[PDB]
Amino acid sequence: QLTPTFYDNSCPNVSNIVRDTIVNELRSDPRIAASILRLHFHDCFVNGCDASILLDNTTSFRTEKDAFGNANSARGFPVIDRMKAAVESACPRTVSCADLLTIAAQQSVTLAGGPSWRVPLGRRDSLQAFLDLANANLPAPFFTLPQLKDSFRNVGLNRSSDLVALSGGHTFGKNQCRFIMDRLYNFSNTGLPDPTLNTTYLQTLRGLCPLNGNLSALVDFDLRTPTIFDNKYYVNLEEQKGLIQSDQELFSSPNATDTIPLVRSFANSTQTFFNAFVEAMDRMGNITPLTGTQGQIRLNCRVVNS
């Protein structure tokens, strides 16, 4: 039902427009590509990729921007508005916000040096935002592996490769100190740091996130190549250098039987990882989409067309 050539006759330049917008932002916000990939992920895990995450509050529904995994964390919204205005100008009423965000996530990966592919298209925009569902569906950094696995399965991403490949999104981007404190100082009430955190790195992290510092300070997800989309994320995991608990568990959990091989496999071959990432991405992009005449094609991503 979704096809990569959906706009080829109706709006042949969409990807160019999306790409130009991102390249442009990158000059002022080098973090933009990572943020955008994350928005798509947060979009798709709550009722599919329907742009529900882009809606602002209304008297009929609460915005997903207030969900626990989005509040004071999700960012990049004005950039999406900018690309939407640009494409409305070129192909009035034709490209939905759901598709736009998908194309943008894909372009962000390629621009950060990752694989290049054409994402299936033709999704439509939701009529409401689902805050409660977002609170229930988004995974948290403190989940154990069986919990992460449960979280992915819940939305239909039932293969270990889905979880392992998609976690590679942590090959760039930033993370707040608040999310790693319980690991640097008192992990799970043991009164000691997380035993799976390499001790040399532990010292560095403590320097970046001092026990009485700013919890909103940012640290890079990938210590090797912080801004390049490549497979270094997996190399770090093998050395016990995954930044957040959910990262390290893919390699260090007693339940990581089925994941350790994929991790090793992705760490050994950039190509194997890229192919896997691309397939996992297209599976995530296919979660319960709105197609045909369901939903709408928003004029502005933040509000339902009236």
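Rigid core here is just the name for the largest C-alpha set that superposes within 1.5 Å across the two forms. We number the residues from 1 along the sequence you see.
Averaged as a root mean square over residues and superposed structures in 5 other deposited structures of this protein, CA distances to the shown form are larger in 209 to 217; the pair compared was 225 to 233 and 209 to 217 with a core fit. Of the two segments, 179 to 187 and 156 to 164, the one listed with the higher mean B-factor is 179 to 187 (C-alpha atoms only). Annotation for 108 to 116 versus 205 to 213: the higher mean temperature factor (C-alpha) is found in 205 to 213. Residues shown: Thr171, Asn137, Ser126, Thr200. Highest C-alpha temperature factor in the entry: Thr200. Take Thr21, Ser15, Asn286, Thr293 and read off each C-alpha B-factor from the entry; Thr293 has the highest. Remark: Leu133 belongs to the lowest third of its chain, ranked by C-alpha B-factor as recorded. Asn275: CA B factor lies in the middle third for its chain, per the PDB record. The entry lists a Cα temperature factor for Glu239 that places it in the highest third of the chain's modelled residues. Looking at the C-alpha B-factors along this chain, the one for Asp258 belongs to the highest third. Among the modelled residues of its chain, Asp194 has a C-alpha B-factor that falls in the highest third according to the deposited record.
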